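Student: Structure provided below as structure tokens; questions to follow.
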Amino acid sequence: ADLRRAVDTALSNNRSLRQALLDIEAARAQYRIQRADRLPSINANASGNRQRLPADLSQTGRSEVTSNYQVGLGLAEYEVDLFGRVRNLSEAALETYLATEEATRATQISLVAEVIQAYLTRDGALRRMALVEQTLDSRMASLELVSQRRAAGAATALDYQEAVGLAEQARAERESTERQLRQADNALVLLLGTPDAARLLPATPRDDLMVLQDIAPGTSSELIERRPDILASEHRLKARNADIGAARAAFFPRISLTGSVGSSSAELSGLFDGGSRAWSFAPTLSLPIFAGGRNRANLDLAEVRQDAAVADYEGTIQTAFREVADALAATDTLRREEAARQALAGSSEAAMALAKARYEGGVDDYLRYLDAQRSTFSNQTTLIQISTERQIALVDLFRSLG
Amino acid sequence: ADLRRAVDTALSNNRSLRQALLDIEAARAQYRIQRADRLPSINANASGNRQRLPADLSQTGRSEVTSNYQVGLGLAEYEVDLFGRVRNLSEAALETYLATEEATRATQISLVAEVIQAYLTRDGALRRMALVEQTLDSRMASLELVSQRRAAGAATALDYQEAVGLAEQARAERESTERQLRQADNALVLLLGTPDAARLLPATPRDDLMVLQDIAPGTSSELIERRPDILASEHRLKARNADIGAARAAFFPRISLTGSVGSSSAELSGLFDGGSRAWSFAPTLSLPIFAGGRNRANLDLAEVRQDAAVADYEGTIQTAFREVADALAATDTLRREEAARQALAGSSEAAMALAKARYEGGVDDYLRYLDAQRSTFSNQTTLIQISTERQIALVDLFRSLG
Amino acid sequence: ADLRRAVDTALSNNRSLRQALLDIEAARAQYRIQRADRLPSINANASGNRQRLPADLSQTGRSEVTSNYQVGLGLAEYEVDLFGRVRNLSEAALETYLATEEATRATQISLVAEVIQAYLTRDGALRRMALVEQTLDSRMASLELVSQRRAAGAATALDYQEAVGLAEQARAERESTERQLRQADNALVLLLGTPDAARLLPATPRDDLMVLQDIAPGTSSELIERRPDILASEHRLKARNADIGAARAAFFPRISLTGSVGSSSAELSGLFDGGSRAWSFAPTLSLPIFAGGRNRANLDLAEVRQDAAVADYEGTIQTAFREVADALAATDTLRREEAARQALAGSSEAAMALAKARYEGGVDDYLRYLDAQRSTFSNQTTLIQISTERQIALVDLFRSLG
């Protein structure tokens, strides 16, 4: 329940997700930029050229100056396309935008998985703190009791020293778990991206289930169509195919019309006089009859780049298969390992029942009971470690499946 | 033996390796592109310009219309190079291609190293599974025996509980080793890059020698001459020197030759008529007498980049030296460590022989013999871990030596 | 004291630091390139064009050939700016240079941190070697003593075997510590960057204070004003905020002045004749009245990029906060953990003193005294790991604080 709230807070507030969404907007931006090329590029051109062979003659000087002033609209190099290398670049940018969309979706999924994993780590750390704190209390009781035994003379100073060492070891273990818990809290507050994230998280552990325990892997073909990074690789491959199309179109002759319409006169005063509405059409065909590789090696470059995109697609698919298979193996083995560790914890708890029965029966002293307590609580905390690690493995499996 | 088969399968099928050779074909294509600039670049130009000062007059209107149609060949701004800045870019691309060749060779070497290391890890994991399976069988034997002793009343429930806990601990250990083995298989499958990779590997481990156990490091100068990434950095430094040459050439005047040949007429009907075989010839000397840093800042940028390439080359040399030194230290220490661990395993085996002699002699019960079994089994698997890690260290040493 | 010498050697000699400094020189050069655009770009242009409708007529042929030769200076497209898009690019280059300065400062401080951490690791490894060497000596002494006891028939071969195994385990531990020490030495010599770096480091550990033990974190705002990476992110944000200004200026009309001055003649002989001193001076107003998204998408791309820079700045702030919080938590918990471990080491020391008193008193065996020595040396060496890790945590806290 709180996982959903934390994930919502992250998606609303995490900075890396905002960066990814802005990458989305920028991909749309250059897609629009490239798409603008297909449409006419007409601009208002107001140019005045003063050219003359002798010197001086400024501001209507005494010479044969020709001062042309061309003011009007100009079609700035339209490229009508037989194959649409402009169009090829256009849907190449479109494929880049789609790949960016898939990549941002993958980043969102990864951020959610990190949030859940850090949450689970924090919960496990809280449980381990309860366990280690009460184990240190058990060691303190044992140390005090051995201290009384030595004071009464029934114990050597060596036993007091070893009890002191055991208490120190318990303190060091508690310090290590405290450090782990603080690191987990800081990681969570970073992932949530809000300075009040320490207020949105519960202060105590709970035994409530948080993530679904059984997840069906399905087939590899389904994973191909659902995992975002594979989709991103597919879209990049499509973009590289678009680049191959552009390179192929570059072979063929390119025809461009340069147009203009406006006024022109030999003097500035006649700029807005009748009879100067000039125009210029200039269709031009360029075709390199011998490229020398200038156009060909571009084609081979695009070809090999598309092949590299194919290889990248295959490699990403294989990596995703590797990752999901690892997650499945980890989840299965960890389910069995947690079953074994739960059986072990139950065994130590049975030892608790027996040792307590003996102690209350006056057969075993308090030292044996406390030793049993420490044993069972060590077993319980090494159970919590495995449970947390299994939950993290489940989250990784969910992330891998998309 | 099967290691070479796995390496062949990887080099034939690995997707990242195919990506590397595709990067080499791309780099070669890029060099071809840059080399095409040195050779003449002519193109067939067919242009028709129609211009007139008043408006309308479309399709031979009544005015002083000026229509020009030029159809023919044209040399598009040849740069006659006194310093060969085009040539400088040429062998800069060539050095980039050679550096990419060295980098791809290094990637192939790394792929081989990972394949070998993963395969060794799989072998060690198989041995560890044998070890842990028999350790768990020992634990269950002792558990059943203690269960019988409790049933007969000769043992407390505490002993039965601790035997249960030990069996659970062994089961958890077996689950951990199973997880490790599955992950190793998955990594090997990914490295081989084929869905049938599980058929190219043996289901059982072998004690045969696998990789050469002693490798001579030689001298540092040799490591400079053989290691592929060092060669890549050297070729990149040579490329940066060629860039410095190009920037120096940019200071000097450039001779730009532009020419054309074809037909020109005032009307469309007269394009293919006699007496229109026009031609152009326009050499140009572009030399910026005051660059303002436009050409000088390019220069110290190139010199700074060449110095940075020098620093990178030295840093890569030092990194390779660190890697080979680390690999040598690891190999030596691990040889001695495996000697110690083999001595320890032999010691546990001798203790096994003595405990078995006692048990068959009727002096020690079965529990002591089973305890000796578990002890020797743990020692033997700790030996296998060191042996596997030493093999991995040898492979890392080979990889770092090129 | 030797830390200052080592870090000075690093800054003088480390190849990655020299790489960063050459990166600053490159960034300064790239800014000089961009700043050169604001200033006039004049060009000594010497061009000769020969064009005529019929064929042949080369070298003063018999036709209407026109041979125009222009030799002289030329102002190559001065862009007088109403908003300063060139000025905006200059500001962007300056911001990039400042960001690179902060990044290089960050690389320097990180290099210092790694040098100090490696040096601390080397010192701790030396202490651990002393400890493990004497632990192994104790194991060999116990092994010899048990061997002599067995030879006299007072011990079973089982005790000899277990003593042998213990000695082997101690040897394996010694090999592991030797490997760690060698790796630390190699890392240190790589960080220092000189072949004679191992000459510059002492071969013995020392107990003096090494870095300041208490460091005050201060406020978050102060860290915002001191950490180099956050300053680099701020400068990159400023660069993008100049890019958005450049894109905004791209909307507005831009004026270019193309000028020239020199000689013109219809024949080569008359190039240096009187009255040929010609010139041209040509306003051009370029303004796209209908961009079609060509400029508008550039504008929103700049907006999106600046927003992404804002997100980057915030994310880096949060990352720095996470790092300093982790460092503080680690330092505090590690201070308490080292206190506990020192108490434990003192406890084992007192236990060894008691065991020695008993042994010299003839009550305890030499085996008991040797075991007490081994226990105290194990506690003392596990103290050194905590102390070294605490020192490394302090260095990390210093690094994260800038």
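Ordering of the structure tokens sets the chain letters (A, B, ...); residue numbers start at 1 within each chain; ligands are numbered from 1 in the order shown.
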Write out as a ChimeraX atom specification the residues lying within 9 Å of residue A:382, counting only C-alpha atoms and excluding same-chain residues fewer than 6 positions away.
Tutor: /A:128,341,345
Student: Write a file of the just-selected residues containing N, CA and C atoms, as a PDB file, in the first residue's frame.
Tutor:
```pdb
ATOM      1  N   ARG A 128      16.021  -6.254  11.145  1.00  0.00           N
ATOM      2  CA  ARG A 128      17.323  -6.661  11.649  1.00  0.00           C
ATOM      3  C   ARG A 128      17.744  -5.799  12.826  1.00  0.00           C
ATOM      4  N   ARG A 341      15.384 -21.689   5.543  1.00  0.00           N
ATOM      5  CA  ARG A 341      15.720 -20.792   6.641  1.00  0.00           C
ATOM      6  C   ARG A 341      14.556 -20.643   7.608  1.00  0.00           C
ATOM      7  N   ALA A 345      14.643 -21.428  11.528  1.00  0.00           N
ATOM      8  CA  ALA A 345      14.153 -20.533  12.568  1.00  0.00           C
ATOM      9  C   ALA A 345      13.146 -21.236  13.461  1.00  0.00           C
TER      10      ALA A 345
END
```
Student: Set the cut-off to 7 Å and count only C-alpha atoms: what are the residues of chain B that reach chain A? Output as a ChimeraX atom specification.
Tutor: /B:15-16,18-19,22,25-26,29-30,32-33,36,39,41-55,158,161,164-165,168,171-172,175-176,178-179,182-183,186-187,190
Student: Contacts of residue B:266 at 9 Å or less, counting only C-alpha atoms, minus same-chain residues fewer than 6 places along, as a ChimeraX atom specification?
Tutor: /B:66-69
Student: Select, from C:93, C:120, C:353, C:76, the residue with the minimum atom-to-atom distance to residue C:235, counting only C-alpha atoms.
Tutor: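 Closest candidate: C:93.
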Student: Expressed in Å to a single decimal, how great is the separation between atom CA of residue B:34 and atom CA of residue B:90?
Tutor: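 A separation of 5.5 Å between them.
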